[PDB]
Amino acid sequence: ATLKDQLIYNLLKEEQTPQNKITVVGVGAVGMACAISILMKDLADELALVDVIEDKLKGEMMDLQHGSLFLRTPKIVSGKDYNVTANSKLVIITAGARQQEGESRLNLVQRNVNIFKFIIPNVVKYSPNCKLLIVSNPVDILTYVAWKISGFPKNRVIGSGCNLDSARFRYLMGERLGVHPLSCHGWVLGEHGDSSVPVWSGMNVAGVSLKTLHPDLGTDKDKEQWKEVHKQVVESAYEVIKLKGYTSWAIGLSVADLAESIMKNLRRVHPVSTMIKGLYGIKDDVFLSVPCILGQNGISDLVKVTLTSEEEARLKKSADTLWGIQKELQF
């Protein structure tokens, strides 16, 4: 008698099961940028959104649903309860505490660990086979936390790491050379942010090593100060933060690129934070960024970059510092 049954004859009432589902936890500026980027790249058939602030969560969900006409992701759901995240192929963690003015980063990482304490078991309960992509900072430490709490094998726990750092690097290099960043190749590895390691030997266009072409590259004998490109990779992040309060658009796009490789089993190589024990001279359980092959099972393989002595020592120092701080985290 209703219009819907007058218009439409149902011939199979199967409960709908998602097949390419993505969950984003934390709907701040970063989570929503990941969300819109994943939606506009058609990477999911279902998107779930989780936060603890219920009205903002519901409003962001509704705002996306109102753009359904223009998308190809037919189901967008949200809620504070994690039943909405069930059977996600990929869970992306962008949640974190709001830093208060004058607050110590030392205090802040424990507050983010405490958040992860609640989030990770809930994610695991409802998506035991999902891949975890950790974006929240400090991302290398938090990816280790996520790995420990979840009990997942290391291939399924991935930190955003230096993927964004390397994208900034290629942007800046492209600005210097007058070439699209796609054609400027260069790798920033190790810790996300201040302590990242530029691998000068690998910087190239068309397979032409800039370092070989210009041996003073990365030194203080470099008349053009190309080391400043890596200083600017770090400083431009702080400048964005200073100018608009936070960063969001570039990390969103870089996360979607990662999601693309995982969701479509592409086996592209990206610089992401992975559990690096037993490689590159690391003897402890820590996560640092190295080139990783990304696909349907997460990190199936990584690339062993040859590093200088200087670059190796910086990685090992990062590893030591990460391990020592992690041993002081309260789980």
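One rule holds for the numbers: they count along the sequence shown, beginning at 1. Only the largest set of C-alpha atoms that superpose within 1.5 Å between the two forms is called the rigid core.
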Consider 235-243 and 124-132 separately and indicate which one has Cα atoms farther, on average, from the shown form in 9 other deposited structures of this protein after rigid core alignment. 235-243
Core-fitted, the stretch whose Cα atoms sit farther from this form in 9 other deposited structures of this protein, 257-265 versus 110-118, is 110-118
Out of 211-219 and 88-96, which stretch has the higher average CA B-factor listed in the record? 211-219
Higher-scoring stretch by recorded Cα B factor average, 272-280 or 286-294: 272-280
Going by the deposited entry, which of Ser261, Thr143, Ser183, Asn122 has the highest CA temperature factor? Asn122
With respect to C-alpha B-factor, does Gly245 fall in the lowest, middle or highest third of the chain as deposited? middle
Chain-relative CA temperature factor third for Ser254: lowest
Classify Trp226 as lowest, middle or highest third according to the C-alpha B-factor given in the PDB entry, relative to its own chain. highest
Ranked C-alpha temperature factor of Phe152 among modelled chain residues, by third: highest
Sorting the chain's CA B-factors, does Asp63 end up in the lowest, middle or highest third? middle
